[PDB]
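Data block below; observations after.
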Amino acid sequence: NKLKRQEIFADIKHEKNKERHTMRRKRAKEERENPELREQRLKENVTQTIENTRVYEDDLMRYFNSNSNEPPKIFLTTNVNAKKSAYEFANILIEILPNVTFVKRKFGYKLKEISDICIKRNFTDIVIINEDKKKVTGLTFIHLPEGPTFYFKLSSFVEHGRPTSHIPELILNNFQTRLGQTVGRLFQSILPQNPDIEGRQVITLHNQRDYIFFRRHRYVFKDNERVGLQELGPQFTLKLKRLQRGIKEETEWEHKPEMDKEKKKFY
Amino acid sequence: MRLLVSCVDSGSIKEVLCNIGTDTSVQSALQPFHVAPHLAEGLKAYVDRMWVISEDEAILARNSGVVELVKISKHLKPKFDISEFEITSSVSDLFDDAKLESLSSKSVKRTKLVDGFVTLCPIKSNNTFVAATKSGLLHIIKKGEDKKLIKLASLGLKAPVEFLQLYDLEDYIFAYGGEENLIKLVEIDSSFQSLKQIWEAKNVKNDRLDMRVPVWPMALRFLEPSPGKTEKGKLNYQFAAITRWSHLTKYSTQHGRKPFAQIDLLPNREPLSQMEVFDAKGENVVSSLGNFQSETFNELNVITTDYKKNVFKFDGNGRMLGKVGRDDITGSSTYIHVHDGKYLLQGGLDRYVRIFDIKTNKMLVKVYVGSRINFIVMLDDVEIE
Amino acid sequence: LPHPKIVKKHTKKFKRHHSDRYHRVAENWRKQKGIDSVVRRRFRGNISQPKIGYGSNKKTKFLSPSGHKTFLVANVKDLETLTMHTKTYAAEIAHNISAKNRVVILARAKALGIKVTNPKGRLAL
Amino acid sequence: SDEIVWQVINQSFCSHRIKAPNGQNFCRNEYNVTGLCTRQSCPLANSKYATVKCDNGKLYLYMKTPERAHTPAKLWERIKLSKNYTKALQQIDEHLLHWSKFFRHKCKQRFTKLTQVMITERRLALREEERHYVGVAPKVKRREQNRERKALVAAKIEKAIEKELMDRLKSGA
Amino acid sequence: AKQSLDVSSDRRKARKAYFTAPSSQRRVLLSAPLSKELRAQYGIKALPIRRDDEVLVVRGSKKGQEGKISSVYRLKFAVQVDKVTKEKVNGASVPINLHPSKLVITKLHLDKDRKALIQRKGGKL
Amino acid sequence: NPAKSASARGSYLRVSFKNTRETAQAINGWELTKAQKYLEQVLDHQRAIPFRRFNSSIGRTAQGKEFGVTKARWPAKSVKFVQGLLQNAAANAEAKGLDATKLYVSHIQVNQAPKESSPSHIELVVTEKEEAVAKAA
RNA sequence: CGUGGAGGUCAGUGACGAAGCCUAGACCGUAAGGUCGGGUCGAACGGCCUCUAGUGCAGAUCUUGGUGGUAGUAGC
RNA sequence: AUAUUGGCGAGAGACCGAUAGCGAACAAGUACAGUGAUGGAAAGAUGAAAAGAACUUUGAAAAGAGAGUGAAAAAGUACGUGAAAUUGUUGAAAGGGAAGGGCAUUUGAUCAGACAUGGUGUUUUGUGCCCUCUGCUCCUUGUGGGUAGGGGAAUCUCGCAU
């Protein structure tokens, strides 16, 4: 009977909540009397967060990644028949990225042809965006000289300040995994590697489980030994895809729906 | 079991000594007894091909156009013995990038097209080995009584050369191919100072769209001569090859130049490579060089790995027998090999060394190495107490 | 094909009388049977009732702005029927077709040169 | 008789008839030349029929006669057209000697349409596409949105940035 | 197609009987197939499953897991297998219910009654 | 920005919905500490809650000049519930580590609940006020 | 024109999402209505020839159910 | 041989499908009202599996904030989906004793806006279903269909590829 089930459990919940409240109040009183009991309880009780329940060289940097020996040269382009949103995103990308020369797709220059021309033109990395709807849906980076290509899926995008003329400071976090550290190194190399201390500009790439957040802020150190910050620029996420070793050859990761079934083991 | 792992990121040989069931991914599972790198030379001179001459010696062919002879010694560090590797002699200057660079145009991608070794196996006790390169330069290296490698002679081939498989089913003929290069049978003189082409493959008729079928053989495996009477002039040889366009071309010189039956392994011409020969019952039915010891294609079971993440098993008719490591492999399988006819070595960009049971298709070992794997050889399969 | 200019004779839906004023009244048209109803007498300043006058021309009937007649398509076999009428009919994919079948249908339509009225349905590039 | 069959298929639920919104009846029969269920167009209601079909790239001239009406197994006598527009049209005209102008004209039109549809090789020969149409299920979308929100909430981006800044500029420049 | 007039092909009747079936009938209902290795030995495809029997999971998220049956939950039309448990967030272990039809028997707990049933069912021992 | 925001919700509370809406509107957009002080003063009749929509038969008081409306009321139960919810929100923010002095009620909402009484659900969100940072020449 | 069910039919659609619902979206028909674009949803439903009726709502001081102004008012 | 709206036990429906169908799909001739003959309802569905929210914390009591299982909590034991009337917050617009609709135009906001891209005849090269020699096989036999082995382009635009 629906009425019987609803009524019986309604009373049970009230009694259980009242008992829990009384027990918690008595425990708080006893802890106030004896603070050590709180420490003893905490030493055995854990919030069991998702992060807490994780389920478990030199030539590489100089070969497959850019360095400060020579200034990077990055080629920026959009997909064929790109809409205004692609150009709007490229406007932000050129400002964020260093030495970006925007180019228009010519509808027939093959990826091999593009790579050959870039070798002729001496271009370090090629960044090509993806656009199905009137919003940016994908972002790709490739290190042209024998380097790999990283395909990123852009999900969120929205646009309280104006960036200054000083180069932002690059900071990375949560890249312990070998797959993660590769993406972190790629982001560090693609972004400028000569930040200006003056201007107090910070650019951060943060990832918690698997999504990497691109955020920019302006920070000032306060007298309380704590630093505040304010929103500065856009905010969007990215998700690596297929981690191809070559220009478009062997795929390394190929994140497919097979993953995310375990609900853990984030890469 | 004892295995040697070739690392490209570190350019060193890593030895794996672990028993069946080892899994470094999970702590609760058994862990490898010992693992360490040996003969580190960097990414520039990573090992390309490997071969175990004996239990105490081996020969390597690095990507720097150098073939080295490595001495193997065993000593104690349970209470197991680790392996120490030392170099006795080597031969360098075996690569020619000029021939391949001119072919960069008209290729598919990666204009660099860096030269690299494609095969390293004895010609046969003989102390002679064959070192082929993608540039079409075939070099014969012999281990003389002085114990120093010497290049007996050098031979040229129509570059690019994706593979070079020798013939050993007696019951000096080898087949080589490459991008837009038809399979050709070449005979080497006993003196090894010259070669002779005797047979070439012919492309199949056009496809539905009246377009020439792309030709790009990647690997080959010889079989025993076809039975029955043989026609005058035509040679008696059978070999099956795997093309990059997912075409299981089967060739029979007795029948004719054209393949007698071509079957599409996968739709949309999915990339394929790393051909192998195995048996469903896990038996050593393959010769020392891997050639199938049979005179019929109906008993041919092969393992081919696609470029993205998968490893495929196919029969003689192209039917798929099932994937290998579908739930464990998360990257391209750069190199695979069947050891002793039952063990299946696996590796690739996933940076994991896997041993699979051919009969049950069950994973046995999983060891993390960090660097990408391009060649795996199992010195022995003896367990350690 | 320079087809005749499309004339509709009307672009506003024939909303039912008092539909906006009263929520319970649906917008679907329904002739007023009231003897004293002003609408039934088509008084000045009132909505215009539908009638034969607004009939669309035969040549321009069932013609989309692009100039191609709409035709529902459920699979590749149905799409094949428009091989000889590509310039006069435009394939329309049903809302229930999944992405797996939709991509195949779109590929065949592009191969045959048949325009798709509603592309990019459940498919992301 | 054809007339009886023609009436039985016009009305009385012919199997292959599509009622388009425009009112035109489309015939899905593979052997039909126009694809429309009309007179002298439906192979079932016509003892004599001619159409152009193709399994592989080769184009054939399928024709039907009352002779094989008693033997449905081999009703059609397909003949290869020796693919070439001018000579193929000449061969079609020669084969359809004394045939109705309607049949000849529509067979030629069908052959021309099929031949020009062979240009699909142009798209396949010059595609080099980097998009490869991908479909996303709503369930996958939900797991890519709520989980993203949870990750953003638990990340504490501002706190992490503050901690990193308080560490970089506390032991060096 | 049924031929006997004493059997009713009614969905409602079958559903009512299945849910209201007694424990004795549910024992016959809770039958699982035998592994082909055991089939060649005893010459029987399926036998009733009891607590002492050992079974292997071949379907569901727990595929490839085998263990002894801790209990037979006839009321819930499911059985529990040793080492197949769901770890609650509080640290407690709860066996996962499994239908016998989705499990393959690897070993059988022999008894006088079990042997008699095997012989009656045409098997050999 | 959920990082710099905290929320507290109250549902199935046997309180007058009309008075709850008025007090929520009065306390809407006010600083956390200032809102708490104003509510505490209201408890002692020092200040009166301005009634705008549901203000039928309400006397004129000088305290209404502050809000611009003469009509005002002193709902003890509704203000008590509002201050309890605000205290819960402040405790949640303190647990989150947010700066209490910078908290302000950015959004407070009240709506009816399942039924002669007219219970209502009350939910409010407290967010830290944005602070500007100077640029560099 | 539309719906409940039935015979036939599309070797139909569909967990890579059927029905329903929402939609400051468009398309088709003079209209009854149909199609598709986007969000929730989860497991049945539809293209067409016929048969069938407990088959189409703006009211009947209509029935069952839900919610407002009066009103935080009269009143206790 | 005939009747049968009760009883026991069975087989079926072009029947209804939680405001329908017996009043009763569920604690239904139950709650409940009547001094009594009698009258007489409302109420189905979580999730596959409770795995029913471990643990921290604000809380006279009820609810929340973290945290967590589950594909989904946009499934919370008020649970398969969540329509209209109605109420609250936010954004936009208008308003002197109310409004709504139609013909007709200006404005903010907003939406759609090729995964179009070749065609013709020529000028080289490489192939094939194309040239040449020898073949195999299906019907029935025709103005046919299918399919191999050996040679080539300097005859080759019969198609395809650059």
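Quick reminder, even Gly has a Cβ in these numbers, built from the backbone with ideal geometry, and neighbours come from all protein chains shown. No lab work stands behind these numbers, since they all come straight from the coordinates.
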Requested in this report: Using the structure shown, decide if residue B:6 is within 19 Å of residue A:59 (Cβ to Cβ), assigned to a strand (DSSP E or B) and within 22 Å of the chain's Cα centre (by Cα).
Outcome: yes
Query - Sole exception among (1) within 14 Å of chain C (Cβ to nearest Cβ); (2) out of contact with any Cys (no Cβ under 9 Å at 6 or more places or on another chain); (3) more than 16 Å from RNA strand H (Cβ to nearest atom) for residue D:54, by number - result: (3)
Report task. Name every residue in region C:42-68 that is within 8 Å of RNA strand G (Cβ to nearest atom) and touching a strand residue (DSSP E or B) at 6+ places or on another chain (Cβ under 8 Å), in order of residue number. Result -> C:62, C:63, C:64
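Every residue in region B:134-180 that is among the β-branched types (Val, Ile, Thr) and surrounded by fewer than 23 Cβ atoms within 10 Å (Cβ to Cβ), please.
Listed by number, the residues that qualify are B:140, B:150, B:173.
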Report task. Report, by residue number, each residue of region C:1-29 that is within 12 Å of RNA strand H (Cβ to nearest atom) and within 21 Å of the chain's Cα centre (by Cα). Result -> C:8, C:9, C:10, C:11, C:12, C:13, C:14, C:15, C:16, C:26, C:27
Requested in this report: Please find, among D:110, D:78, the residue that is more than 8 Å from RNA strand H (Cβ to nearest atom) and surrounded by 11 or more Cβ atoms within 10 Å (Cβ to Cβ).
Outcome: D:110
Report task. Scan the strands (runs of 3 or more DSSP E) fully inside region B:222-306 and keep the ones with 3 or more residues being hydroxyl-bearing (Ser, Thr, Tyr) and either away from RNA strand G (no atom under 16 Å from the Cβ) or surrounded by 15 or more Cβ atoms within 10 Å (Cβ to Cβ) (or both). Result -> B:247-252
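Okay, residues lined up against (1) touching a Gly at 6+ places or on another chain (Cβ under 9 Å); (2) more than 14 Å from chain D (Cβ to nearest Cβ); (3) within 12 Å of RNA strand H (Cβ to nearest atom); (4) acidic (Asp, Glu):
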| site | (1), (2), (3), (4) |
| --- | --- |
| F:14 | no, yes, yes, no |
| F:22 | no, yes, yes, yes |
| F:29 | no, yes, yes, no |
| F:36 | no, yes, no, no |
| F:44 | no, yes, no, yes |
| F:52 | no, yes, yes, no |
**Report entry** Unique match (being within 14 Å of another protein chain (Cβ to nearest Cβ) and within 16 Å of RNA strand H (Cβ to nearest atom)) among E:64, E:60
**Finding:** E:60
Requested in this report: Could you run through region A:32-77 and say how many residues are part of a loop (DSSP other than H, G, I, E, B) and closer than 20 Å to residue A:243 by Cα?
Outcome: 3
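Looking for whichever is within 14 Å of chain C (Cβ to nearest Cβ) and not in a strand (DSSP E or B) here; the options are D:15, D:47. Which one fits?
Working: D:47 fails: within 14 Å of chain C (Cβ to nearest Cβ).
One residue alone meets the criteria, D:15.
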Query raised in the report: Quick one: is residue D:92 surrounded by 14 or more Cβ atoms within 10 Å (Cβ to Cβ), aliphatic (A, V, I, L, M) and farther than 23 Å from residue C:78 by Cα?
Result: yes
Query raised in the report: When you look at residue C:45, is it exposed (fewer than 12 other Cβ atoms within 10 Å of the Cβ), within 15 Å of RNA strand H (Cβ to nearest atom) and not in a loop (DSSP other than H, G, I, E, B), yes or no?
Result: no
Requested in this report: Could you tell me whether residue D:166 is out of contact with any helix residue (DSSP H, G or I) (no Cβ under 8 Å at 6 or more places or on another chain) and more than 11 Å from chain C (Cβ to nearest Cβ)?
Outcome: yes
Requested in this report: Scan region D:7-35 for residues that are touching a helix residue (DSSP H, G or I) at 6+ places or on another chain (Cβ under 8 Å), of a type in the set (A, V, I, L, M, F, W, C) and more than 10 Å from RNA strand G (Cβ to nearest atom) and jot them down.
Outcome: D:33
Report task. With the condition kept exactly as written, say whether any residue in region A:245-253 is more than 19 Å from the chain's Cα centre (by Cα), more than 10 Å from chain D (Cβ to nearest Cβ), in a strand (DSSP E or B) and not aromatic (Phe, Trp, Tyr). Result -> yes
Query - Search result, residues across region C:81-113 that are facing another protein chain (nearest Cβ under 9 Å), within 14 Å of RNA strand H (Cβ to nearest atom), over 18 Å from residue D:21 (Cβ atoms) and not aliphatic (A, V, I, L, M) - result: C:102, C:110, C:113
Report task. Filter region B:26-54 down to residues that are in contact with a strand residue (DSSP E or B) (Cβ under 6 Å, 6 or more places away or on another chain) and either part of a loop (DSSP other than H, G, I, E, B) or among the acidic types (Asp, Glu) (or both), then give me how many there are. Result -> 5
Report summary line: Within region B:1-57, the count of residues that are within 14 Å of chain A (Cβ to nearest Cβ) and at positive phi comes to 2
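Just one of D:156, D:101 is closer than 26 Å to residue A:205 by Cβ and either loosely packed, with under 14 Cβ neighbours inside 10 Å or within 9 Å of RNA strand H (Cβ to nearest atom) (or both); which is it? Steps first, please.
On the way: D:101 fails: closer than 26 Å to residue A:205 by Cβ.
Criteria check complete, one pass: D:156.
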Report summary line: Result of the Cβ filter at 6 Å on region D:134-146, keeping first residues that are facing chain C (nearest Cβ under 10 Å) and partners that are assigned to a loop (DSSP other than H, G, I, E, B), at least 6 apart or interchain, is D:135/C:122
Requested in this report: Just name the residue that is nearest to residue C:62 (Cα to Cα) out of those in region C:76-96 that are among the charged types (D, E, K, R) and near RNA strand G (Cβ under 9 Å from one of its atoms).
Outcome: C:92
**Report entry** Test set (1) under 22 Å from residue B:264 (Cβ atoms); (2) in contact with a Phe, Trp or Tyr (Cβ under 7 Å, 6 or more places away or on another chain) - residue B:286 fails condition number
**Finding:** (1)
Query - Listing of strands (runs of 3 or more DSSP E) fully contained in region A:122-237 that carry 1 or more residues being surrounded by fewer than 19 Cβ atoms within 10 Å (Cβ to Cβ) and within 8 Å of another protein chain (Cβ to nearest Cβ) - result: A:169-172, A:212-221, A:227-231
Report task. Give the number of residues within region D:124-146 that are in a helix (DSSP H, G or I) and either touching a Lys or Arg at 6+ places or on another chain (Cβ under 7 Å) or surrounded by 16 or more Cβ atoms within 10 Å (Cβ to Cβ) (or both). Result -> 0
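Can you tell me which residue in region F:94-123 is farthest from residue F:7 (Cα to Cα), limited to those that are of a type in the set (A, V, I, L, M), within 9 Å of RNA strand H (Cβ to nearest atom) and surrounded by 13 or more Cβ atoms within 10 Å (Cβ to Cβ)? Explain how you work it out, then say what you get.
To start, the set of residues in region F:94-123 that are of a type in the set (A, V, I, L, M) comprises F:95, F:98, F:100, F:103, F:105, F:108, F:110, F:113, F:122.
After this cut, where a residue has to be within 9 Å of RNA strand H (Cβ to nearest atom) as well, the list is F:95, F:108, F:110, F:113, F:122.
Okay, now just the ones that are also surrounded by 13 or more Cβ atoms within 10 Å (Cβ to Cβ), so F:108, F:110, F:113, F:122.
Values: F:108: 10, F:110: 14, F:113: 19, F:122: 11 Å.
It comes out as F:113.
Out of curiosity, is residue B:310 within 11 Å of chain A (Cβ to nearest Cβ) and more than 22 Å from residue B:9 (Cβ to Cβ)?
On the way: within 11 Å of chain A (Cβ to nearest Cβ): yes; more than 22 Å from residue B:9 (Cβ to Cβ): yes.
For residue B:310, the condition - within 11 Å of chain A (Cβ to nearest Cβ) and more than 22 Å from residue B:9 (Cβ to Cβ) - is met.
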Query raised in the report: Do we have residue D:108 as within 16 Å of RNA strand G (Cβ to nearest atom), in a helix (DSSP H, G or I) and more than 8 Å from every other protein chain (Cβ to nearest Cβ) here?
Result: no
